[PDB]
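S.K.: Structure file my_file04.txt (compact mmCIF, C-alpha atoms and all ligand atoms) right here:
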# COMPACT_ATOMS: atom_id res chain seq x y z
CA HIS A 1 240.57 91.92 -158.22
CA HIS A 2 237.33 89.90 -158.13
CA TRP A 3 233.56 90.47 -157.95
CA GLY A 4 231.71 92.47 -155.36
CA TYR A 5 229.07 95.17 -155.10
CA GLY A 6 231.24 98.23 -155.57
CA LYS A 7 231.34 100.73 -158.42
CA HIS A 8 234.35 98.96 -159.88
CA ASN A 9 233.40 95.33 -159.30
CA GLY A 10 229.61 95.44 -158.95
CA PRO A 11 226.69 93.74 -160.82
CA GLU A 12 227.24 95.78 -164.01
CA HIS A 13 230.73 94.32 -164.39
CA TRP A 14 229.93 90.67 -163.68
CA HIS A 15 229.28 89.81 -167.34
CA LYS A 16 233.00 90.11 -168.07
CA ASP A 17 233.99 87.14 -165.92
CA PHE A 18 230.59 85.41 -166.03
CA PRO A 19 228.98 85.75 -169.51
CA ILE A 20 225.82 84.03 -168.28
CA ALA A 21 224.96 87.28 -166.45
CA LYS A 22 223.24 88.19 -169.71
CA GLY A 23 221.50 84.83 -170.07
CA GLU A 24 217.85 83.94 -170.64
CA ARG A 25 216.76 82.97 -167.08
CA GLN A 26 218.59 85.35 -164.76
CA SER A 27 217.42 86.47 -161.32
CA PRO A 28 216.16 88.42 -159.53
CA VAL A 29 213.15 89.85 -161.41
CA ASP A 30 210.29 92.22 -160.65
CA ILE A 31 207.10 90.40 -159.81
CA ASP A 32 204.18 92.08 -161.58
CA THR A 33 201.17 90.89 -159.58
CA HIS A 34 198.69 91.72 -162.35
CA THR A 35 200.44 89.68 -165.01
CA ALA A 36 201.30 86.74 -162.75
CA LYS A 37 199.23 83.70 -163.77
CA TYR A 38 197.19 81.98 -161.08
CA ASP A 39 197.80 78.26 -161.60
CA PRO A 40 195.22 75.95 -159.91
CA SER A 41 197.38 72.88 -160.51
CA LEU A 42 200.15 74.14 -158.23
CA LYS A 43 200.37 72.01 -155.07
CA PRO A 44 200.79 73.38 -151.52
CA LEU A 45 204.37 73.82 -150.32
CA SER A 46 205.73 71.18 -147.95
CA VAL A 47 208.43 72.46 -145.58
CA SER A 48 209.83 69.81 -143.19
CA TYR A 49 212.45 71.54 -141.01
CA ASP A 50 211.81 69.74 -137.71
CA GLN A 51 214.98 67.61 -137.94
CA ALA A 52 217.24 70.46 -139.08
CA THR A 53 220.87 70.49 -137.95
CA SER A 54 222.68 73.82 -138.23
CA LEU A 55 226.48 73.61 -138.04
CA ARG A 56 228.24 76.90 -138.60
CA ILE A 57 227.84 80.54 -139.57
CA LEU A 58 230.47 82.32 -141.67
CA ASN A 59 231.24 85.64 -143.27
CA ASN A 60 232.24 84.83 -146.86
CA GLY A 61 232.98 88.39 -147.90
CA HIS A 62 229.69 88.97 -149.74
CA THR A 63 227.17 87.93 -147.04
CA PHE A 64 227.01 85.51 -144.10
CA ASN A 65 225.80 81.93 -144.49
CA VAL A 66 224.32 79.62 -141.88
CA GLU A 67 225.23 76.07 -142.95
CA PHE A 68 223.30 72.85 -142.36
CA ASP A 69 224.17 69.16 -142.31
CA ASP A 70 222.78 67.94 -145.66
CA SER A 71 224.07 64.35 -145.42
CA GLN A 72 220.51 63.04 -144.92
CA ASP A 73 216.90 64.16 -145.43
CA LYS A 74 216.77 66.23 -142.21
CA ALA A 75 215.38 69.54 -143.48
CA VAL A 76 213.65 69.18 -146.83
CA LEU A 77 211.36 71.01 -149.24
CA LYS A 78 208.88 69.37 -151.62
CA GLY A 79 205.50 69.96 -153.18
CA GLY A 80 204.56 73.27 -154.76
CA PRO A 81 206.08 73.41 -158.29
CA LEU A 82 208.75 70.85 -157.38
CA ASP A 83 209.21 67.25 -158.44
CA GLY A 84 211.25 65.35 -155.89
CA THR A 85 212.85 66.20 -152.58
CA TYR A 86 215.20 69.14 -152.08
CA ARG A 87 217.66 69.33 -149.15
CA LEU A 88 218.42 72.52 -147.21
CA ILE A 89 222.14 73.25 -147.37
CA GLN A 90 222.31 76.92 -146.25
CA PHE A 91 220.57 80.25 -145.90
CA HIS A 92 221.81 83.83 -146.22
CA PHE A 93 220.50 87.39 -146.50
CA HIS A 94 220.79 90.42 -148.80
CA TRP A 95 220.17 93.84 -147.28
CA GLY A 96 220.55 97.55 -147.92
CA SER A 97 222.22 100.54 -146.30
CA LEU A 98 218.74 102.03 -145.69
CA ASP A 99 215.33 100.51 -144.99
CA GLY A 100 213.96 101.37 -148.45
CA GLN A 101 216.18 98.94 -150.36
CA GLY A 102 217.83 95.59 -149.79
CA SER A 103 215.68 92.90 -151.37
CA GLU A 104 216.66 91.46 -154.74
CA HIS A 105 213.19 90.52 -155.97
CA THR A 106 210.62 93.31 -155.97
CA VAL A 107 206.80 93.19 -156.03
CA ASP A 108 205.21 95.70 -158.40
CA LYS A 109 208.58 97.49 -158.18
CA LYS A 110 208.42 97.67 -154.38
CA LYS A 111 211.73 97.00 -152.58
CA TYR A 112 211.88 95.49 -149.08
CA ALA A 113 214.55 96.03 -146.41
CA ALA A 114 216.09 92.61 -146.91
CA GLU A 115 215.59 89.20 -148.47
CA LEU A 116 216.32 85.78 -146.97
CA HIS A 117 217.33 82.93 -149.29
CA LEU A 118 216.93 79.33 -148.16
CA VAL A 119 218.96 77.23 -150.61
CA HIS A 120 218.07 73.58 -151.36
CA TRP A 121 219.39 71.04 -153.91
CA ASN A 122 217.62 68.15 -155.69
CA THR A 123 218.56 64.88 -153.94
CA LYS A 124 218.28 62.93 -157.19
CA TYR A 125 221.67 64.46 -158.04
CA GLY A 126 223.70 63.12 -155.10
CA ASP A 127 225.39 66.35 -153.99
CA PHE A 128 225.17 70.13 -154.41
CA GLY A 129 228.01 70.16 -156.94
CA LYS A 130 226.17 67.85 -159.33
CA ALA A 131 222.93 69.73 -158.72
CA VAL A 132 224.40 72.96 -160.14
CA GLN A 133 224.80 71.30 -163.54
CA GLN A 134 221.07 70.66 -163.94
CA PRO A 135 218.19 72.99 -164.95
CA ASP A 136 216.14 71.72 -161.99
CA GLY A 137 218.99 71.17 -159.54
CA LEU A 138 218.14 73.89 -157.01
CA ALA A 139 215.10 75.30 -155.23
CA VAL A 140 215.45 78.61 -153.40
CA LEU A 141 212.82 79.83 -150.97
CA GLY A 142 212.82 83.63 -150.84
CA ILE A 143 211.39 85.61 -147.95
CA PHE A 144 210.97 89.39 -147.76
CA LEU A 145 211.86 91.22 -144.54
CA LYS A 146 210.16 94.49 -143.64
CA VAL A 147 211.04 96.77 -140.71
CA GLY A 148 208.56 96.75 -137.84
CA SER A 149 208.33 94.48 -134.79
CA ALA A 150 211.22 92.23 -133.76
CA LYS A 151 211.40 88.65 -134.99
CA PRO A 152 212.26 86.57 -131.87
CA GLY A 153 213.55 83.63 -133.92
CA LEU A 154 216.09 85.89 -135.64
CA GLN A 155 217.79 87.07 -132.43
CA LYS A 156 220.17 84.10 -132.10
CA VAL A 157 221.63 85.00 -135.50
CA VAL A 158 221.83 88.71 -134.73
CA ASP A 159 223.69 88.01 -131.49
CA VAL A 160 226.48 85.98 -133.10
CA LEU A 161 227.37 88.46 -135.88
CA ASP A 162 229.96 90.10 -133.61
CA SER A 163 232.20 87.03 -133.78
CA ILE A 164 232.16 86.89 -137.58
CA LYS A 165 232.62 90.58 -138.34
CA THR A 166 235.23 90.15 -141.08
CA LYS A 167 235.72 88.10 -144.24
CA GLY A 168 236.84 84.55 -143.51
CA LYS A 169 235.58 84.32 -139.94
CA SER A 170 233.34 81.41 -138.90
CA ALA A 171 231.62 80.36 -135.68
CA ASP A 172 229.99 77.17 -134.45
CA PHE A 173 226.25 77.66 -134.75
CA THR A 174 224.41 74.51 -133.68
CA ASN A 175 220.78 73.93 -132.71
CA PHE A 176 219.28 76.77 -134.76
CA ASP A 177 215.68 76.16 -135.88
CA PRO A 178 214.84 77.69 -139.33
CA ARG A 179 211.11 77.43 -138.67
CA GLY A 180 211.43 80.60 -136.60
CA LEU A 181 211.96 82.61 -139.79
CA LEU A 182 208.82 81.53 -141.70
CA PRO A 183 205.81 83.81 -142.24
CA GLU A 184 202.30 82.61 -141.38
CA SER A 185 201.19 81.87 -144.95
CA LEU A 186 202.96 79.79 -147.54
CA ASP A 187 201.30 81.39 -150.61
CA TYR A 188 203.95 81.96 -153.26
CA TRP A 189 205.01 83.01 -156.76
CA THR A 190 207.29 80.72 -158.76
CA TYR A 191 209.37 81.09 -161.92
CA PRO A 192 212.56 79.53 -163.37
CA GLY A 193 215.73 81.53 -162.71
CA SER A 194 219.30 81.58 -161.37
CA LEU A 195 221.55 82.20 -158.36
CA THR A 196 221.89 85.94 -157.79
CA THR A 197 225.64 85.91 -157.20
CA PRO A 198 228.47 84.63 -159.43
CA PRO A 199 228.67 82.03 -160.97
CA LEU A 200 225.01 83.00 -161.64
CA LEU A 201 224.08 79.44 -162.67
CA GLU A 202 220.64 78.91 -164.22
CA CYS A 203 219.55 75.88 -162.18
CA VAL A 204 217.06 77.52 -159.84
CA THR A 205 213.33 77.10 -159.39
CA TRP A 206 212.42 80.19 -157.37
CA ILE A 207 209.69 80.12 -154.75
CA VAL A 208 209.04 83.63 -153.43
CA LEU A 209 206.62 83.89 -150.51
CA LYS A 210 203.91 86.55 -150.71
CA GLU A 211 203.90 87.37 -146.99
CA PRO A 212 206.96 89.19 -145.59
CA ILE A 213 208.30 88.65 -142.07
CA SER A 214 208.84 91.67 -139.85
CA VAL A 215 212.11 92.48 -138.04
CA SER A 216 213.05 95.43 -135.81
CA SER A 217 215.24 98.37 -136.79
CA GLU A 218 217.78 97.24 -134.18
CA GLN A 219 217.95 93.78 -135.76
CA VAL A 220 218.69 95.00 -139.32
CA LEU A 221 221.19 97.50 -137.93
CA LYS A 222 223.26 94.53 -136.73
CA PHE A 223 223.52 93.24 -140.33
CA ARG A 224 224.92 96.64 -141.37
CA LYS A 225 227.82 96.31 -138.93
CA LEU A 226 229.44 93.42 -140.82
CA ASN A 227 232.48 93.93 -143.06
CA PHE A 228 233.21 93.05 -146.71
CA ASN A 229 236.94 93.27 -146.01
CA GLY A 230 239.12 90.83 -144.11
CA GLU A 231 240.68 91.64 -140.73
CA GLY A 232 243.42 94.27 -140.80
CA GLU A 233 242.21 95.76 -144.09
CA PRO A 234 240.46 99.14 -144.24
CA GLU A 235 236.85 98.83 -143.13
CA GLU A 236 234.14 98.53 -145.80
CA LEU A 237 230.67 98.06 -144.34
CA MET A 238 228.71 95.12 -145.75
CA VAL A 239 225.63 96.88 -147.10
CA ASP A 240 223.70 96.81 -150.37
CA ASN A 241 224.79 93.29 -151.26
CA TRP A 242 221.88 92.84 -153.69
CA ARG A 243 221.60 92.46 -157.46
CA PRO A 244 219.16 94.66 -159.47
CA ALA A 245 216.14 93.10 -161.23
CA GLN A 246 216.85 91.37 -164.55
CA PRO A 247 214.74 91.13 -167.77
CA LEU A 248 212.00 88.51 -167.51
CA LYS A 249 212.44 87.69 -171.22
CA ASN A 250 210.62 84.48 -172.22
CA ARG A 251 209.29 83.56 -168.77
CA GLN A 252 205.96 83.56 -166.97
CA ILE A 253 205.56 84.02 -163.22
CA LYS A 254 202.93 81.72 -161.70
CA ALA A 255 200.94 82.35 -158.52
CA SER A 256 199.58 79.72 -156.14
CA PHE A 257 196.80 82.09 -155.08
CA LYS A 258 194.42 84.63 -156.59
HG HG A 301 222.15 74.53 -164.18
ZN ZN A 302 220.87 85.08 -152.10
What is this file in structure tokens?

M.R.:
Amino acid sequence: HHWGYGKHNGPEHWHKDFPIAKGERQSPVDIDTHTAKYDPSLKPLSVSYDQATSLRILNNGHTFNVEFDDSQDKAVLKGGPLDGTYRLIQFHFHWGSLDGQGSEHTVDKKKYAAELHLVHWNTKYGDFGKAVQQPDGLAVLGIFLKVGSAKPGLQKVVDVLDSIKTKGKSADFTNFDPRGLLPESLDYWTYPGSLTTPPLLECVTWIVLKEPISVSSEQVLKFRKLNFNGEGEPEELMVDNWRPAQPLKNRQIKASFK
């Protein structure tokens, strides 16, 4: 029926229902580190997550989202290549069936085990819905995950996945601190792009962190136990929910470091 990541409804078919899939600023893209332009005018990133208020976690059929209360400036992002304040609304992951694939963005063609997306919207627009109608309405912070040592801050998420195994399930998920998922450095690459899932809107200013965070094999294995299907339907493991790199076209990737 509708979109997914299968052979019959995967990324290569999306253009039929969403023509913008073939647009001019689609994501993700491969980050060529030797062609990326170091820009000295880029400001440091400012991440203020101390007053964050997580609310719920849900399995939407294509991934699982952890939602936040965005009714006030509680968890915001500013600085870097951004003008204005951006509010955190939710975060989700993309992962593979094996450790050698899973990330959407790649660095010099290298694929990571998973990629975390922290989604924020420009407050000047009032709400998320109005933000997705503007070229600068969203800011997404992307973080690569590699397999190695366990990430303590990620365990609370891993432990709740059992309760939201199938499509449609949700669970209260309060008091989660996002700061536990940030790498040590905030050096980044930035370029103008889009959401990586339908409707594939081109409203995103991407901020991809250079430093990946490490998670254990046992932790990523938990992600692989989720289901695409709803309860009672035949089981389809939620794996490889990532979109392949898209043509950079008329865009330049800028680096905050050299
Ligand atoms: Hg837009
Ligand atoms: Zn995403």

S.K.: Taking (213.6, 88.5, -148.4) in the coordinates of the supplied file, I want to know which residues reach to within 9 Å of it, counting all atoms listed in the file; could you give the answer as a list in words?

M.R.: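 The residues that fall inside the cut-off are residues 93, 94, 95, 102, 103, 104, 105, 112, 113, 114, 115, 116, 117, 142, 143, 144, 145, 146, 208, 209, 212 and 213 of chain A.
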
S.K.: Rounded to one decimal in Å, what is the spacing between atom CA of residue 167 of chain A and atom CA of residue 64 of chain A?

M.R.: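 The value is 9.1 Å.
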
S.K.: Using only C-alpha atoms, which of the listed residues (A:255, A:201, A:181, A:88) sits closest to residue 48 of chain A?

M.R.: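 With only C-alpha atoms as the atom set, the closest residue is A:88.
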
S.K.: Could you tell me how far atom CA of residue 139 of chain A sits from atom CA of residue 39 of chain A, in Å to one decimal place?

M.R.: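 If I compute the distance from atom CA of residue 39 of chain A to atom CA of residue 139 of chain A, I get 18.7 Å.
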
S.K.: Once you count only C-alpha atoms and all ligand atoms, what closest atom pair and distance in Å to one decimal does each residue of chain A within 8 Å of ligand HG 301 (chain A) have, with rows by chain and rising residue number, as JSON lines?

M.R.:
{"residue": "A:131", "atom": "CA", "partner": "A:HG301", "partner_atom": "HG", "distance": 7.3}
{"residue": "A:132", "atom": "CA", "partner": "A:HG301", "partner_atom": "HG", "distance": 4.9}
{"residue": "A:133", "atom": "CA", "partner": "A:HG301", "partner_atom": "HG", "distance": 4.2}
{"residue": "A:134", "atom": "CA", "partner": "A:HG301", "partner_atom": "HG", "distance": 4.0}
{"residue": "A:135", "atom": "CA", "partner": "A:HG301", "partner_atom": "HG", "distance": 4.3}
{"residue": "A:136", "atom": "CA", "partner": "A:HG301", "partner_atom": "HG", "distance": 7.0}
{"residue": "A:137", "atom": "CA", "partner": "A:HG301", "partner_atom": "HG", "distance": 6.5}
{"residue": "A:201", "atom": "CA", "partner": "A:HG301", "partner_atom": "HG", "distance": 5.5}
{"residue": "A:202", "atom": "CA", "partner": "A:HG301", "partner_atom": "HG", "distance": 4.6}
{"residue": "A:203", "atom": "CA", "partner": "A:HG301", "partner_atom": "HG", "distance": 3.5}
{"residue": "A:204", "atom": "CA", "partner": "A:HG301", "partner_atom": "HG", "distance": 7.3}

S.K.: Go through A:233, A:12, A:67, A:24 one by one, measure the shortest atom-to-atom distance of each to residue 166 of chain A using only C-alpha atoms, and give the residue with the smallest value.

M.R.: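 The shortest atom-to-atom distance to residue 166 of chain A comes from A:233.
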
S.K.: Which one is closest to ligand ZN 302 (chain A): A:183, A:84, A:11, A:198? Count only C-alpha atoms and all ligand atoms.

M.R.: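 Among the listed residues, A:198 lies closest to ligand ZN 302 (chain A).
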
S.K.: Residue 214 of chain A: which residues within 8 Å, counting all atoms listed in the file, same-chain residues fewer than 4 positions away excluded, as a list in words?

M.R.: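 With the cut-off at 8 Å, the set is residues 145, 146, 147, 148, 149, 150 and 151 of chain A.
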
S.K.: Pick out the residues sitting within 8 Å of residue 178 of chain A, and hand them over as a VMD selection string; count only C-alpha atoms, and ignore anything fewer than 3 positions along from it in its own chain.

M.R.: chain A and resid 49 52 181 to 182

S.K.: When you draw a straight line from atom CA of residue 156 of chain A to atom CA of residue 53 of chain A, how long is it in Å?

M.R.: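 These two atoms are separated by 14.8 Å.
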
S.K.: List the spatial neighbours of residue 54 of chain A as a PyMOL selection string - criterion: any atom at most 12 Å away, all atoms listed in the file, same-chain residues fewer than 5 positions off excluded.

M.R.: chain A and resi 49+65-71+74-75+88-91+157+171-178

S.K.: Using all atoms listed in the file, pick whichever of A:247, A:192, A:129, A:168 has the shortest atom-to-atom distance to residue 30 of chain A.

M.R.: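 Smallest separation from residue 30 of chain A among the options: A:247.
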
S.K.: My list of candidates is A:170, A:227, A:216, A:72. Which is closest to residue 127 of chain A when distances are computed with all atoms listed in the file?

M.R.: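 Counting all atoms listed in the file, the residue closest to residue 127 of chain A is A:72.
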
S.K.: Extract, using all atoms listed in the file, all DNA, RNA and protein residues at most 8 Å from residue 185 of chain A, discarding same-chain residues fewer than 2 positions from it, and format them as a PyMOL selection string.

M.R.: chain A and resi 183+187+210-211

S.K.: So which one's closest to ligand ZN 302 (chain A), A:28, A:234, A:100, A:6? Using only C-alpha atoms and all ligand atoms, please.

M.R.: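 Counting only C-alpha atoms and all ligand atoms, the residue closest to ligand ZN 302 (chain A) is A:28.
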
S.K.: Which residues are near residue 226 of chain A? Cut-off 6 Å, all atoms listed in the file, ignore same chain within fewer than 2 positions. Put them as a ChimeraX atom specification.

M.R.: /A:165,223-224,237-238

S.K.: Show me that you can extract segment 80-144 of chain A, keeping C-alpha atoms, and write it as a PDB file, in the first residue's frame.

M.R.:
ATOM      1  CA  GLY A  80      26.584  27.351  14.195  1.00  0.00           C
ATOM      2  CA  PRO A  81      25.083  28.066  10.729  1.00  0.00           C
ATOM      3  CA  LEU A  82      21.693  28.931  12.233  1.00  0.00           C
ATOM      4  CA  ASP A  83      19.885  32.236  12.555  1.00  0.00           C
ATOM      5  CA  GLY A  84      17.389  32.123  15.390  1.00  0.00           C
ATOM      6  CA  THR A  85      16.350  29.536  17.939  1.00  0.00           C
ATOM      7  CA  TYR A  86      15.289  26.005  17.031  1.00  0.00           C
ATOM      8  CA  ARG A  87      13.191  23.824  19.382  1.00  0.00           C
ATOM      9  CA  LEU A  88      13.759  20.087  19.882  1.00  0.00           C
ATOM     10  CA  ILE A  89      10.573  18.196  19.050  1.00  0.00           C
ATOM     11  CA  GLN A  90      11.825  14.592  18.680  1.00  0.00           C
ATOM     12  CA  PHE A  91      14.693  12.249  17.946  1.00  0.00           C
ATOM     13  CA  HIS A  92      14.862   8.894  16.162  1.00  0.00           C
ATOM     14  CA  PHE A  93      17.388   6.447  14.711  1.00  0.00           C
ATOM     15  CA  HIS A  94      18.157   4.674  11.426  1.00  0.00           C
ATOM     16  CA  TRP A  95      20.070   1.403  11.614  1.00  0.00           C
ATOM     17  CA  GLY A  96      21.065  -1.631   9.579  1.00  0.00           C
ATOM     18  CA  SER A  97      20.697  -5.405   9.757  1.00  0.00           C
ATOM     19  CA  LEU A  98      24.504  -5.663  10.148  1.00  0.00           C
ATOM     20  CA  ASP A  99      27.130  -3.420  11.745  1.00  0.00           C
ATOM     21  CA  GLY A 100      28.584  -2.309   8.390  1.00  0.00           C
ATOM     22  CA  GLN A 101      25.545  -0.295   7.297  1.00  0.00           C
ATOM     23  CA  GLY A 102      22.786   1.730   8.897  1.00  0.00           C
ATOM     24  CA  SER A 103      23.718   5.394   8.700  1.00  0.00           C
ATOM     25  CA  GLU A 104      22.132   7.582   6.029  1.00  0.00           C
ATOM     26  CA  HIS A 105      24.960  10.101   5.632  1.00  0.00           C
ATOM     27  CA  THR A 106      28.374   8.650   4.878  1.00  0.00           C
ATOM     28  CA  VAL A 107      31.867  10.143   5.285  1.00  0.00           C
ATOM     29  CA  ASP A 108      34.187   9.503   2.340  1.00  0.00           C
ATOM     30  CA  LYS A 109      31.737   6.700   1.498  1.00  0.00           C
ATOM     31  CA  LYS A 110      32.101   5.121   4.947  1.00  0.00           C
ATOM     32  CA  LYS A 111      28.855   3.797   6.482  1.00  0.00           C
ATOM     33  CA  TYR A 112      28.296   3.664  10.253  1.00  0.00           C
ATOM     34  CA  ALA A 113      26.133   1.206  12.211  1.00  0.00           C
ATOM     35  CA  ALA A 114      23.408   3.757  12.868  1.00  0.00           C
ATOM     36  CA  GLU A 115      22.544   7.436  12.766  1.00  0.00           C
ATOM     37  CA  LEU A 116      20.644   9.495  15.350  1.00  0.00           C
ATOM     38  CA  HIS A 117      18.555  12.456  14.180  1.00  0.00           C
ATOM     39  CA  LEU A 118      17.636  15.209  16.617  1.00  0.00           C
ATOM     40  CA  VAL A 119      14.869  17.229  14.924  1.00  0.00           C
ATOM     41  CA  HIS A 120      14.304  20.935  15.703  1.00  0.00           C
ATOM     42  CA  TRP A 121      12.039  23.614  14.171  1.00  0.00           C
ATOM     43  CA  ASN A 122      12.528  27.392  13.810  1.00  0.00           C
ATOM     44  CA  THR A 123      10.513  29.145  16.544  1.00  0.00           C
ATOM     45  CA  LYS A 124       9.913  32.165  14.322  1.00  0.00           C
ATOM     46  CA  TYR A 125       7.304  29.992  12.587  1.00  0.00           C
ATOM     47  CA  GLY A 126       5.043  29.254  15.568  1.00  0.00           C
ATOM     48  CA  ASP A 127       4.722  25.480  15.192  1.00  0.00           C
ATOM     49  CA  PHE A 128       6.316  22.512  13.413  1.00  0.00           C
ATOM     50  CA  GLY A 129       3.595  22.454  10.751  1.00  0.00           C
ATOM     51  CA  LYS A 130       4.342  26.004   9.626  1.00  0.00           C
ATOM     52  CA  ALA A 131       8.075  25.329   9.845  1.00  0.00           C
ATOM     53  CA  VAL A 132       7.857  22.617   7.160  1.00  0.00           C
ATOM     54  CA  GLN A 133       6.727  25.205   4.609  1.00  0.00           C
ATOM     55  CA  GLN A 134       9.929  27.245   4.900  1.00  0.00           C
ATOM     56  CA  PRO A 135      13.430  26.687   3.411  1.00  0.00           C
ATOM     57  CA  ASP A 136      14.979  27.346   6.842  1.00  0.00           C
ATOM     58  CA  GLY A 137      12.232  25.844   8.986  1.00  0.00           C
ATOM     59  CA  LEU A 138      14.136  22.848  10.378  1.00  0.00           C
ATOM     60  CA  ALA A 139      17.544  22.040  11.823  1.00  0.00           C
ATOM     61  CA  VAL A 140      18.530  18.396  12.230  1.00  0.00           C
ATOM     62  CA  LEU A 141      21.519  17.350  14.299  1.00  0.00           C
ATOM     63  CA  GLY A 142      22.936  14.078  12.984  1.00  0.00           C
ATOM     64  CA  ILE A 143      25.118  11.785  15.066  1.00  0.00           C
ATOM     65  CA  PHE A 144      26.922   8.652  13.859  1.00  0.00           C
TER      66      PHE A 144
END
